[PDB]
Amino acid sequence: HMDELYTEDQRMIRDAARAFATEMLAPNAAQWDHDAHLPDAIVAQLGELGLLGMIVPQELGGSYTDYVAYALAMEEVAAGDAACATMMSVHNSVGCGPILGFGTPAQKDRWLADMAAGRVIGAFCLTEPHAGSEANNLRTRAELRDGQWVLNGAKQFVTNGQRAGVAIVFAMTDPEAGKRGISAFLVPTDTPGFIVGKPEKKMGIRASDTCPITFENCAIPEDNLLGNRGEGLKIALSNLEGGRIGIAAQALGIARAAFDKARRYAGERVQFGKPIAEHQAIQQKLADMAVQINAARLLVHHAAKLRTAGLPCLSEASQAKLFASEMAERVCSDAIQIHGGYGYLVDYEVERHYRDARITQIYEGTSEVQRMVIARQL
């Protein structure tokens, strides 16, 4: 559709991601939604295929080419299964990213290759029960006691919380310094004191494990400090562009899957003597869905090209995320409507798309936060 605008590598990566999604994700997404569980074997396949190392340079064991290819791979994965896309976005951007940005050679050597291959899935632990959008108002603490960082507190909504091998954890080390008193820590998820609760019950992306985690004298070595002491907030904000490009692409992929079901259904479902695709009201909906999907893709790819070249792109990534997420609810709602009563049945799957899409306006910065960011830079 847009292909002559893509390099051969980008096309190749897009094609491999789609073949994997068509074969391994789309037929099983309904089952995983019902089970609220993603098989470990599927995660391992995303790993083997290089989809969990797309932000890490090849020389360090990853599969980075450019951010356009990542955005393309993410759209295809999301179109197959939204929960896999969540897993993938978080693991790439806020699992690998911070270690790549701020890890020492020893830390990178221990972690990057394994994470990039998906042998070790990463989690990012910043949000707390009382603190989401105001991400700097933290109450989990870390104090250096007996040559160890000892963490105490509680994190909320940890994506990959059960399956993660390592957690990037943000805790207050120097209370009197406020926003400049937070630090980042690498915490093996088998460390005594690292207590993972039951996955939350959610409306959608039900197979993406999302867990509360409690830290009860969670003791790690002194060298598991990530970055400099007090640098925690910078580090927590250092991968917003990749994070938003990824979720924007996830929104795009979910919307697209629902649109593809609706176009198909419309060309086959006859009502009042014609396929319903021929009724003006359906035509109109389909046209609007295509427009919004294409506009979202272009926004995402724009932000991705900027990021590839190391250019400023926070606003552009936040626009993509905002637009893609809000349109995906609309596209998915119309997809349901085009199916009539069948749209509301679990068997027709557009209802799952609608449920999964809705989370994209909330995480990776709420729509309200995206607006603040875009406006503040005008």
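Numbering starts at 1 and runs along the sequence shown.
Per the PDB record, of the two stretches 72-80 and 124-132, 124-132 carries the greater mean B-factor over its C-alpha atoms. Mean CA B-factor, 227-235 versus 248-256: the higher value falls on 227-235. The maximum CA B-factor among the listed residues 243, 105, 95, 204, taken from the PDB record, is found at 105. Across the options 285, 141, 261, 91, the residue with the most elevated CA B-factor in the record is 141.
Placement of the Cα temperature factor of residue 59 within the chain: highest third of the modelled residues, per the deposited record.
Placement of the Cα temperature factor of residue 340 within the chain: lowest third of the modelled residues, per the deposited record. For residue 371, the recorded CA B-factor ranks within the lowest third of the chain. Only modelled residues enter the ranking.
In this PDB entry, the Cα temperature factor of residue 329 sits in the bottom third of its chain's modelled residues, the lowest group.
Residue 41: CA B factor in the highest third of modelled residues in this chain (values from the PDB entry).
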